[PDB]
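What follows is each chain in one-letter form.
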Amino acid sequence: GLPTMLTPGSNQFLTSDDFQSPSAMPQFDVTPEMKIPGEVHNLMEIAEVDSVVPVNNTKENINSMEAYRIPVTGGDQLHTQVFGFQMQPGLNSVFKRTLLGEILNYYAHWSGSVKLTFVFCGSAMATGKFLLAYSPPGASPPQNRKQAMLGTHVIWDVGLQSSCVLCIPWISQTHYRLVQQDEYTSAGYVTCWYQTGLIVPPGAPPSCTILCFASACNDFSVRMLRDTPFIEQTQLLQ
Amino acid sequence: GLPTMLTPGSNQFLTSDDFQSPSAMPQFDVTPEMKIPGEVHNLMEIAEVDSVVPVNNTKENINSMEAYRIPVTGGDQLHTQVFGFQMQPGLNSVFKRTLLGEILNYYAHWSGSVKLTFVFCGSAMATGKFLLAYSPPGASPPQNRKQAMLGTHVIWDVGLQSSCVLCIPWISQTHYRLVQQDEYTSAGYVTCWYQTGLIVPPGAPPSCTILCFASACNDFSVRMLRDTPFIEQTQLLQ
Amino acid sequence: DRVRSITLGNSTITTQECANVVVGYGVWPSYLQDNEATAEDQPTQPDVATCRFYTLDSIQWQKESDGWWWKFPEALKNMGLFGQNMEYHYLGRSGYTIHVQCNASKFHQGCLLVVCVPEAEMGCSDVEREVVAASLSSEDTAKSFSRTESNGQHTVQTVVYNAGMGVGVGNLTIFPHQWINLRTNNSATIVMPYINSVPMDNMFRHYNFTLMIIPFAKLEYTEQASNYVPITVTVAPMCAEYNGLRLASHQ
Amino acid sequence: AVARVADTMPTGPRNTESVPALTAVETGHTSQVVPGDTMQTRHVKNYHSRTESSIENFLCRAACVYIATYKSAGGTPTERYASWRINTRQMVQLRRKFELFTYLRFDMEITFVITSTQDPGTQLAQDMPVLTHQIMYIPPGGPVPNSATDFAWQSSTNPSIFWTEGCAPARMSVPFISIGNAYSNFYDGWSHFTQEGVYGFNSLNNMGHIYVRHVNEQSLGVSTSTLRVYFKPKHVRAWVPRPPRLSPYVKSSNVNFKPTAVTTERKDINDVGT
Amino acid sequence: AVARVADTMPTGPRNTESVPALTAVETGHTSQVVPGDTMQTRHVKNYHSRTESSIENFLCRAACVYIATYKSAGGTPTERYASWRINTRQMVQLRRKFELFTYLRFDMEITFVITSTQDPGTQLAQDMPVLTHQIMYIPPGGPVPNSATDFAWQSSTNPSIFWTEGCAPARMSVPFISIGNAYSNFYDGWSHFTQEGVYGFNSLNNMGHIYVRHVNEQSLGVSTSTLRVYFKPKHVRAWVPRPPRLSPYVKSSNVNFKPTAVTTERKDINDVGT
Amino acid sequence: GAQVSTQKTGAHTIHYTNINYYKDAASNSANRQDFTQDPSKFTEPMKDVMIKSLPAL
Amino acid sequence: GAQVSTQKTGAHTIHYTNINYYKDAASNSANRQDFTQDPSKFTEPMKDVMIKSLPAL
Amino acid sequence: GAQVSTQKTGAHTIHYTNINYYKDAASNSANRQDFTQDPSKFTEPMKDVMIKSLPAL
Ligand SMILES: CCCCCCCCCCCCC/C=C/[C@H](O)[C@H](N)CO
Ligand SMILES: CCCCCCCCCCCCC/C=C/[C@H](O)[C@H](N)CO
C-alpha cells in the first residue's frame, strides 16, 4: 500500500494529547441539553469571587471561627498594627485556602492584580479611620505608620458605606510570578494601621470586628497546570 | 516514505468498530435480492406488537396455560382486586418475558409510554364495568378503589367492543429509565378493580376470563445495548 | 435605594433597609418549556394558592451562637397548600424567594452569611456510617451547628468551620449570598431559580437546596440594650408546577 | 431529523362519541392509541431517536462463534491442527440474536484471536522464536488436510491468512456467500424428497470448513494455542421476525428442548409489593 | 484576539465625588474596581490570555481512576479476573477536580494501561508467548461472569476490546451515557420516597461494571497483571461551581470527613516576616 | 472519492470523510446511518384501513 | 472535510488541518479553542445593575 | 493546508509539501529556512557611518 515511516513518539501514551478514537457504542442517542443555570465557561469566573480570608490564623484560632475576624479596640491607639501578611496568594498560611488560592494551586504561574475588600462589622454608631498599605518587596517590611505611608496606601473612612477595596497593583519585573514563590519572585507585604482610631458613644460596644475578602481583577491570569499539594491518599478508597 | 506516528489504541480489537477490511474472496458474484415479505428495518417494529402477558404467574400456574388468564367472578363483588403489578417492563416476573420485555433486556435504558390492552373473553350476554388504574411511584400502593381512583384511570364498559387500551403515560424526572430498575427509577403500579361487577343471565357461565396485552407506543425508545441475562451455557454445544 | 416591596399571591413583604436582591445565577424563576419537558401529562399550575410567602419559625441569635440550616423544600411540608400538592403529585418543580430579616439597633453589632447551597450533601459525625433523615432536617425548627466536634453516631457533623460538608466556611460565597450587617443592613432577600440536573424531581427524596445562616462576626451589645435578637425566615415558592397525581403519600 | 420519535400533541377535556380506547383485538390489530386519547397531555418536543435500535446497529457487534485448540507436539496428528464446520449455533449469545429472525442476508468481518501458552513437562524450550499460524478456509468439497505438514496446506485456490504472534488480530471480509437469497435460520423440512433424512437447518448449512495449524516445527517442546473466531454481520437485511427463545439450547443441530415455565413465579396475582 | 485580559487605561490625579473604592459587600456583590480607581496607572497593552484556564483545558488531562490486579493461576477463581463498579471517587486527584462543580456533562476517552510480571515459585515458565487481555464493559443488568472461561465472555452485545502485550495502550471513546442531563457529582437526597435507604450520590451511579481477564491458559505458571484505567473528559460543560474540599476523603461512597483546621498556623496576626 | 457525510450528534465541524479503499462492496464499513422503518406491516396488517376514532365493529 | 483552522501562537504558516474520521460526535478531538466566558453571573448576580462610581447605598 | 515550499539544492521537482497536524505552534517543525542576517550591529556599532576609502582619523 502506501509507504509510511514511523517517527519517534509512536505507540506512547501522552496524557494530554488531542487524538481521535473509535467509539465503543456507536450511534448512541444522547439526552438533550437542558438550560441549567450557572454555567462555568472559565475557571477565572470562580477566582473573581470574593471569599473570606483567615488572616487571624494564629493557633489556637484555626480550629474555630476566630480565624476570619480581625480585632480592633479602643484606647488610646495607633502605636499598634491591625494586621500584616506577605503578598503570596498561592503559598501562604493566610490566603492559599481561599477561593483565589485554591485555583492558584492548580497552576504554577500567576499574574495580574489582586483585590482586598474590608468590611467593618462594628456598630452603626462607631466611627474610625484606617490606613491600608501595600509595599513592593525592595526593602524591609514597615514597622510603623511612618514607614508604611510611603507605599501604595488608601485611607478608609468608616461610614454609611462599610467597605473599602485596597487594590494591590501588579508591580514586578517579570510578566508572571510563581505560585510556590521564593526570594526571587517575592511580591511584598500588606499592612494595616490605625489612622485615627475608634470613637464610640456611651452604651456602645467598645471593640469591633473587620472581615477580609480576596478576589481577582479582570487582568488576572494563570498558566502551567499542575496537581495541587493539598490532598493525599495512601491506598484506594473503599 | 510518509512520516506517521502511531497513536494509543493501535493493534487493538474493539468489537464494535467500523473499519474496512480486505475481502477474502474478491470479485464474488452475489445472488440477487428477491422481495421476501416481512422486512424488519428496526427492532421497535417488533416491540410495537401486542403480546399476551402472564399476569397470573403464581406457581403453580407458570407450567400451564393459566398464567395468561385473569379470573373474574360473580357475587357480590368489589371489595376485591382483579390484579396488580409494578410497572417494570424489563425487570418483572409479569412482563419481562413478553415481546416488549424480551427486546428490552437487550438494552440498558428505556423510555416512552406503554400500552395495556384487555380483552374480555366471557360470554356475549355478560355485562360488567372495571376500573383500570395506573399510579405514579410517589406514595404507597393503593389498597382499595378509593385510593386507586385518584391516579390515572379509565373505566371500561364491556359490550360490543370487547377491548380497552389503558395507556400508561411516561411520567418521570429523567428522560430515560433503567431496564434493570431500582428504588431510584421506579415507575409505579398498575391495578384493576371492579367498578360495578358481572351480571349474567340464567343459563350463562358465572365466571369469565380477561386477557392482558402489552406493547409500545410510537414514542418508545431504547439505548445502550447489552447482553441478555436470559440464556446461558457451560461448554460448546455439540 | 434602600426600600423595597415584594408582592406574591395574597401576601406582601415590606422592608426599609435593604441591600439589594441577589437573583440566583443570573436567571429568574420560570415555568418549564415544551422544549425541555419529559412528563407527558398536563401539569397543574396553582398561581396564588401555592406561590406566596410562608413564614417559618423564629430562632434566637445568641452571643455564643454559631449557625443554623434549613433544607428545602422539606421545610415547607406543612405550610399551606404548597405542602398539600407535594403529597398528591409525584413530580414537582419550583423556584423560590428567600427573605431573611433580623433588625437589632444602631447600638448592636454583628454579621451573618445567608447562602443558598444547591445539593448540599452533608457528612456524618461517625465516619464509616450514614446519617438518617431525622438528623438532617426537622419538621419546622432549625438544625444548628456546633462550635466543637459532634460526637453522635447518626447525626450530621455539625462543626461550623467545615460547614457540615467538608469545605471551607469562608469559601461559601460562591453561592447566592447576602450579608446582614446590623450596622448597614436589616434584611436579606435571595431569589433562587430551579437548579437541578433533571427537568423535574420528586420533592420528598431530594432536597433541592439548603439555606444556611452563619454568624461570622458575632453579636455583642451593652446591658442597657435589648437581649433578644431573633431571625425570621420567609420563603415563597415561585412558578411552581407538578405532575403525576396519585393518592396522597404521606399521608 | 432521523429517525426521531413522535411528539405528544396537547389535549384538553372532551365529551365525544369518537372513543379511541375501545377497540377489538379479534381483528389481529395492535392499537394506535397515543396517551392523548385517554388523558389530558401537554405539548412536549420529544428529541429521542431510534438510531440505537435499528437492525444494523443491533447486529454489527462481534461475537465469538467457536473456541478451537491445537498442539505443536509429536504424536496424535489430530491434535496438531483444529477443525470447524462453520456454524452460528455453537455459541449461544450470537445464536439467540440471529434466531429472532427467520431469514438473514448480510456481509461479514471475521476476526481471529489466537492466544498461546507453553505446555508443561520435561525438556522445555527456554528460547523460542515467534509462532505463525495458517488459517485455511476450505469451500465445500475441497481437499481436507489429514494432518499438519500436508500437501493441502499449499492452498493455491483456498484463501489462507498467515499471522505471526504479537501483531494485531487477523481480519478479512466475506460477501453473502449463500446458495439461496437469505441465510435460513429455520428450515421446517427434510433433505430427501421422500420425507426422510435430516430434519432441520443442518441440511442447509453448506458453507465449508476452517482449518488452523502451526507452520513451525519448533523441535524441542510443545505449545498449545487457542483460536477464537469472531463474527460481525454487516450490511444486514432481515425478514420475518420470530419470538425469542425461552428454553435453553441443548444441541448445535436441533431446536430440541425441555419444556420450561413461561416466567418466574410471584406470590400473588395482585402483588404490587414491595 | 481571544481570550485576552483587560488593559489598564492610564490615569492622572483626581478629586471627585465619585469614589469607586467605597462599596458594600452586604448586597452580595464582588466589586469591579480595577487599579486605576485607587492610584495613578500607565497605559500598558496586556497581551496575556486565559486559554489555559478554560473548562476544556482544565479537565482534558487523563487521570487514573482504578488499579486492578488479576492472576493466571489455578484455584481461587475470583483472582483470575478483576471487577470494577465504575466510579470517579476511588482515586482522589480526579475526584477533587470533579467536585469543584455540581453538575458535569462530557464525552470521554478511556485508556487501559496493563503491565504484567512473572509470579515466583517452583515450575516457572522460561518460554512464554505474549499475553492477551479482554476488557468487557457490562451495561447495568447484564450477565456477570463468575470466573474466567465463562459463557459471558462471548460478548455479542457488550463492547469488548482485545489487546496483546507489547503494543500501544487500548483506547476508545464514550458519549454522554447518563440517564439525566448532567453527571450529578452531588445528590442531596435519598433513594426511596419514604426518606430511607442510601443518602448520597451512590444511588445515582448506575453506569455498569468493567471486567478484565487473560484469554490464555498458559499451562505452566502464574503471571499477575495490573490494569490501570485512565479517564479524560472532553467536550465538557459544567454548572454550579462548589468550594474545593478541605478535609481528606475517607470513603468512596460518602462525603463523610473529620473536622480539619481551616488553614495552617502562623506566629502572629501581623507576621510579615521573614 | 471524498464522501463527506455528517456525524452523530444530539439535537438540543460535524462532518466526517470516508474513502473506499478496496475493490469489493463487501469490504466497506457498516451502514450504521440508514434509519428507515415501516411498522405498519406488523402493527396494521389489515385489508381495510382502520381508523382509531371510528369503531372497529 | 479539510477544516483549516489556526494554531496557537503568542501575540507580540500558522494553520493546521483536521479531518473527522469516525461517524460519531463523541469520537472527535477536544474543543480546546472555545474561549468564551461570562463572569457576570457570579460577580454581579443582582437584579439592578450597579455602577462603580455611583454609591451602592 | 498544503504549504508547498522549495527544497534545498545547490546552485550550479524541487518542491515539498507540509501540513500542520497539531493545534499548537510549538508542535511545528523547525524553521530551518530562515536565512536573514544583520552583522552591522557587531561589526560597525558606531554612531557615525564610517567609509572604507575615507580615513578614520
Ligand atoms: C484462512 C482464511 C479464512 C477466511 C474466512 C472465511 C470463512 C467463513 C465463511 C463463512 C461465513 C459466512 C457467514 C455464515 C453465516 C451462517 O452460516 C448462516 N447464519 C447460516 O446459514
Ligand atoms: C472493554 C471495553 C470497555 C469500554 C469502556 C466503557 C466503560 C466506561 C463507561 C462509563 C464511563 C462514563 C463516564 C463516567 C463518569 C462518572 O460516572 C460520573 N462522573 C458520575 O456520574
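**Details of the overall build of chain A**
At step 1: Each helix and strand in chain A was counted, giving three helices and 14 strands.
At step 2: The C-alpha atoms of chain A give a radius of gyration of 24 Å, which is well past the 18 Å a tight globule of 238 residues would have.
At step 3: Expressed along its principal axes, the backbone C-alpha trace of chain A runs to roughly 95 × 45 × 35 Å.
At step 4: Looking at chain A as a whole, 63% of its 238 residues are labelled buried.
At step 5: Expressed as a percentage of contacts within chain A between residues at least 6 apart in sequence, the contacts between residues at least 24 apart total 80%.
At step 6: Split by element, the accessible area of chain A, about 8900 Å² in all, is 55% carbon and sulfur.
At step 7: If you average the places of the 12 positive and of the 18 negative side-chain charges in chain A, the two averages end up 11 Å apart.

**Re the packing of aromatic side chains**
At step 1: Tallied over the full model, the rule gives 53 aromatic pairs over all chains.
At step 2: For the ring pair B:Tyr184 and E:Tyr187, a centre distance of 6.0 Å and an interplane angle of 80° mean the geometry is edge-to-face. Highlighted residues: B:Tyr184 in the loop between β12 (177-178) and β13 (189-194) and E:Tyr187 in the loop between β8 (183-184) and β9 (209-214), drawn from two different chains. As far as the burial class goes, B:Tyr184 and E:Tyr187 line up, both buried.
At step 3: Put simply, the rings of A:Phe83, A:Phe85, A:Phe95, A:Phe118, A:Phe120, A:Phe130, A:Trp156 and A:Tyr194 pair up and form one aromatic cluster.

**What about the interface of chain G and chain C?**
At step 1: If you look at the interface, chain G gives eight residues, while chain C gives 12 residues.
At step 2: A combined buried area of about 890 Å² lies between chain G and chain C, and 60% of that area is made up of carbon and sulfur atoms.
At step 3: On the chain G side of the contact with chain C, G:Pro45, G:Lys47 and G:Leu57 bury the most area, a combined 55% of that side's loss.
At step 4: Connecting chain G to chain C are one salt bridge.
At step 5: G:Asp48 is the salt-bridge partner of C:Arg4, the closest N and O atoms lying 3.2 Å from each other.
At step 6: Across the contact surface, chain G and chain C share three residue pairs in polar contact.
At step 7: Grouping the amino acids of the side of chain G that touches chain C by side-chain chemistry returns five nonpolar, no polar and three charged.

**Structural notes on the sheet that holds strand β7 (residues 113-118) of chain C**
Residue and element names in this part refer to chain C.
At step 1: An order of β8-β5-β11-β7-β9 is seen for the five strands of this open sheet, with the pairing classed as antiparallel. Two strands lie at the open edges of the sheet, namely β8 (143-144) and β9 (177-179), each paired on one side alone.
At step 2: Here β7 runs beside strand β11 (residues 209-214); their pairing, made up of six bridges, is antiparallel. The residue bridging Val117 from the neighbouring strand is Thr210, located in β11.

**Structural notes on the site of ligand 1**
Residue and element names in this part refer to chain D.
At step 1: Surveying the vicinity of ligand 1 reveals 16 residues, the closest of which are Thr88, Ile135, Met136, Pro159 and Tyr183.
At step 2: About the coverage of ligand 1: the protein hides 97% of its 610 Å² of free accessible area.
At step 3: Broken down by element, the residue count for the shell around ligand 1 peaks at three residues, all from strand β5 (residues 132-138).
At step 4: Among the residues making up the shell around ligand 1, the classes are represented as 14 nonpolar, two polar and no charged.

**Here we look at the site of ligand 2**
All names here are of chain E.
At step 1: For ligand 2, the set of nearby residues contains 16 residues, the closest of which are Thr88, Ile135, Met136, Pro159 and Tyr183.
At step 2: For ligand 2, whose accessible area on its own is 610 Å², the fraction buried by protein is 97%.
At step 3: When contributions to the shell around ligand 2 are tallied by element, the ones reaching two or more residues are β4 (101-116), β5 (132-138), β6 (160-164) and β7 (170-174).
At step 4: Residue classes in the shell around ligand 2 are distributed as 14 nonpolar, two polar and no charged.

**Brief notes about the arrangement of the chains**
At step 1: There is a gap between chain E and chain F: no contact, and a shortest C-alpha distance of 10 Å.
At step 2: There is a clear gap between chain D and chain G: no contact, and 12 Å between their nearest C-alpha atoms.

**Here's the deal with the state of the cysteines**
At step 1: Taken as a whole and judged by the stated rule, the model has zero disulfides over all chains.
At step 2: No disulfide involves A:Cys208; its nearest neighbouring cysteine sulfur is the one of A:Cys121, lying 9.4 Å away.

**Re the pattern of salt bridges**
At step 1: Counting across every chain of the model gives 38 salt bridges over all chains.
At step 2: Residue A:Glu66 is joined to A:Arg69 by a salt bridge in which the shortest nitrogen-to-oxygen separation is 3.0 Å.
At step 3: Judged by its relative accessible area of 27%, A:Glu66 falls in the partly exposed class.
At step 4: The buried category is assigned to A:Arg69, whose relative accessible area is 10%.
At step 5: Taking the shortest distance from any N to any O, the salt bridge between B:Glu39 and D:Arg237 comes out at 2.9 Å. On the criterion of chain membership, the pair formed by B:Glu39 in strand β3 (residues 39-40) and D:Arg237 in strand β10 (residues 225-241) is interchain, its members lying in two chains.
At step 6: Residue B:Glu39 is classed as buried on the basis of its relative accessible area of 14%.
At step 7: On the basis of relative accessible area, D:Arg237 is assigned to the partly exposed category, the value being 28%.

**Here we look at the sheet that holds strand β7 (residues 107-111) of chain B**
All names here are of chain B.
At step 1: Across the sheet, three strands lie side by side as β12-β7-β15; this open sheet has antiparallel pairing. Edge positions in the sheet fall to β12 and β15 (221-225), since each has one partner strand and no second.
At step 2: Note that β7 and β12 share two bridges and pair antiparallel. Bridge pairing in β12 places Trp110 opposite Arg177.

**Some remarks on the interface of chain E and chain A**
At step 1: The interface is formed by 94 residues belonging to chain E together with 97 residues belonging to chain A.
At step 2: Of all residues in chain E, the largest losses of buried area upon contact with chain A belong to E:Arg50, E:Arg266 and E:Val272, amounting jointly to 9% of the total for that side.
At step 3: Between A:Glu48 and E:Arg50 there is a salt bridge; the shortest N-O distance is 3.8 Å.
At step 4: Taken together, the connections running from chain E to chain A amount to 41 residue pairs in polar contact.
At step 5: When grouped by side-chain class, the residues that make up the side of chain E that touches chain A number 47 nonpolar, 26 polar and 21 charged.

**A look at the environment of A:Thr58**
At step 1: Within the secondary structure layout, A:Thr58 lies in the loop between β3 (51-52) and β4 (69-72).
At step 2: Linking A:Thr58 and A:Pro137, residues 79 residues apart in sequence, is a C-alpha distance of 24 Å.
At step 3: Beyond its immediate chain neighbours, meaning those up to four positions away, A:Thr58 contacts E:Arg266, E:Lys267, E:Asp268 and E:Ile269.

**Notes on the side chain of B:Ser113**
At step 1: You can see B:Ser113 is positioned in the loop between β7 and β8 (114-120).
At step 2: Classification of B:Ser113 as buried rests on a relative accessible area of 0%.
At step 3: Residues contacting B:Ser113, with those up to four places away along its chain left out, are B:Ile168, B:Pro169, B:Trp170, B:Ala216, B:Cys217, B:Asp219, B:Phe220, C:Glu40 and D:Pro35.

**Thoughts on the side chain of E:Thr30**
At step 1: With respect to the helices and strands, the residue E:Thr30 is situated in the loop between β1 (22-23) and α1 (55-59).
At step 2: You can call E:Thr30 buried: its relative accessible area is 4%.
At step 3: From its side chain, E:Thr30 meets the backbone nitrogen of A:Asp50 in a polar contact 3.5 Å long.

**Overview of the pairing of strand β11 (residues 163-168) of chain B**
At step 1: In terms of burial, β11(B) is largely enclosed, as six of its six residues are buried.
At step 2: Residues B:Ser163, B:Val165 and B:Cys167 point to one face of β11(B) and B:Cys164, B:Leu166 and B:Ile168 to the other, with burial holding for every one of them.
At step 3: Looking at chain direction, β11(B) and strand β1 (residues 22-23) of chain D are connected through two bridges and run antiparallel. Of the residues in β1(D), the one forming a bridge with B:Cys164 is D:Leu22.

**A look at unusual backbone geometry**
At step 1: The linkage connecting A:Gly75 with the following residue, A:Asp76, adopts the cis geometry, with an omega of -10°.
At step 2: Within the element layout of this structure, A:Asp76 appears in the loop between β4 and β5 (81-86).
At step 3: The linkage connecting E:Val2 with the following residue, E:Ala3, adopts the cis geometry, with an omega of -10°.
At step 4: When you line up the elements, E:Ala3 lands in the segment before β1.
At step 5: Even without being a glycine, B:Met224 presents a positive backbone phi close to 60°.
At step 6: Among the residues examined, B:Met224 registers a relative accessible area of 3% and is labelled buried.
At step 7: Of note, D:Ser155 is a non-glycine position whose phi angle comes to about 60°, a positive value.
At step 8: With a relative accessible area of 18%, D:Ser155 lands in the buried category.

The rules behind each value
- Residues numbered from 1 in each chain as written, not as in the entry; some residues may be left out.
- Chains lettered and ligands numbered in written order.
- Part of a larger assembly, values for the part shown.
- Heavy atoms only, no water.
- Residues with missing side-chain atoms left out of burial classes, pairs and counts.
- Helix = DSSP H or I, 4+ residues; strand = E, 2+ residues; numbered from the N terminus.
- Rg over C-alpha atoms; globule rule 2.2 N^0.38 Å.
- Buried < 20%, exposed > 50% of the residue type's maximum accessible area, 1.4 Å probe, protein only.
- Contact = heavy atoms within 4.5 Å.
- Areas by Shrake-Rupley, 256 points an atom, 1.4 Å probe, with all protein chains shown as cover.
- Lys, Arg positive; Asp, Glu negative; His and termini not counted.
- Charge placed at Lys NZ, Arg CZ, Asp CG, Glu CD.
- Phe/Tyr/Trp six-rings, centres within 6.5 Å; stacked < 30°, edge-to-face > 60°.
- Buried area = accessible area lost by both parts, 1.4 Å probe.
- Salt bridge = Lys/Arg side-chain N within 4 Å of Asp/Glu carboxyl O.
- Polar contact = N/O pair within 3.5 Å; in protein donor to acceptor, adjacent residues only side chain to side chain.
- Nonpolar A, V, L, I, M, F, W, Y, C, P; charged D, E, K, R; others polar.
- Pairing = 2+ DSSP bridges.
- Near = heavy atom within 4 Å.
- Disulfide = S-S within 2.5 Å.

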